[PDB]
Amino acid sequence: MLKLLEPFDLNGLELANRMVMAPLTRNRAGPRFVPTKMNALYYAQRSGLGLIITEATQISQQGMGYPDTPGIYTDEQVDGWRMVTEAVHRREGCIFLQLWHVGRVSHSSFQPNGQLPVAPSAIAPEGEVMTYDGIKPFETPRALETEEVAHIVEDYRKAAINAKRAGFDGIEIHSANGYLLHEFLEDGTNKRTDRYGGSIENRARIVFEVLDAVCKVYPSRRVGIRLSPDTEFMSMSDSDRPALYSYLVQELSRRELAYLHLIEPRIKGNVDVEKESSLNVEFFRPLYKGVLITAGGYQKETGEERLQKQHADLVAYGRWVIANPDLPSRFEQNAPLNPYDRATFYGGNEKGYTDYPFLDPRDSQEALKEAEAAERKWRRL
């Protein structure tokens, strides 16, 4: 009788519970950034979460910044993702594809023709980046020309078309964690003087242009967006985050979107951080009138409290879902949680990916049966 386990109606999508698999980069794509049968097994295993949001999926090669992340820009990638959505849907799950452009968080080694990564302004993030040829320092990115923004928006439009073709119930716009859209939002990274820079309105313009474009493909009630209102991850900064995110969330409220997905400030991208901030989900609940997903650092007890107190409608879990494909059933049964192994988060094979155990072996068996059937059905000949 946990509220976490209550079925939830997401504008017609009957979910099984109020728990969400948070988007999680795993770096396990096959050649040419194509999802594989192993990826289908991983998501099928986790189909008991009310909603799955995929790993961030680049809309273009320019939008990639880490090895072996899947794309959504070729027909072969669509075909691989259809294997994934087939397996999830045969397990009665619901799945949204997270659309990604890494912006400056990349390296020219990943880019078409060895070009520099692109960004709102020519400001390198601090630190180093993993490439095919080992760790390298970040480069100063190329500032996008005003005219080029429309082309990136068109890439989002095309990615949504391919998501709809792949077989996704919806899409989530990644506008968090230091990537291209977040870089436009914040004045520490956006020094532009065109219509995409300066005012809070201008800084958020690209986000609304992306939503305009993808909403020509999916209805607005199947498009979500993810924000990190107060994070230092990947050298992000802004001089007035309360004003920026208050404006942004209020404007998104009017857009009739599937949901707004907010990351709590106590998470720095992929790790826990000691951080004082008022810009958590409680700050934004009164400012957004639709479905609100809260993510970051939650446990069973704290997730349940968010729902009981009506600070959010859905609770997303990342690291616990990596390790516990049947997390809802473990919460329901007060079962121990498998520990998550950070060493196998990124890259590698089945180990630390599809080999975390279920309470009920029949759950594992059914996930494997559906992944195998989906591969046989959708295999490229």
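When you see a residue number, it is the position in the sequence shown, counting from 1.
- Higher mean CA temperature factor, per the PDB entry, when comparing 317-325 with 338-346: 338-346.
- Higher mean CA temperature factor, per the PDB entry, when comparing 141-149 with 159-167: 141-149.
- Looking only at 100, 81, 196, 96, the residue with the top Cα B factor in the deposited structure is 196.
- Looking only at 183, 86, 172, 126, the residue with the top Cα B factor in the deposited structure is 126.
- Residue 247: CA B factor in the highest third of modelled residues in this chain (values from the PDB entry).
- Sort the chain's modelled residues by C-alpha temperature factor and residue 357 lands in the middle third, per the entry.
- Among all modelled residues in this chain, the alpha-carbon of residue 217 has a temperature factor (C-alpha) in the middle third.
- Among all modelled residues in this chain, the alpha-carbon of residue 309 has a temperature factor (C-alpha) in the highest third.
- Sort the chain's modelled residues by C-alpha temperature factor and residue 364 lands in the middle third, per the entry.
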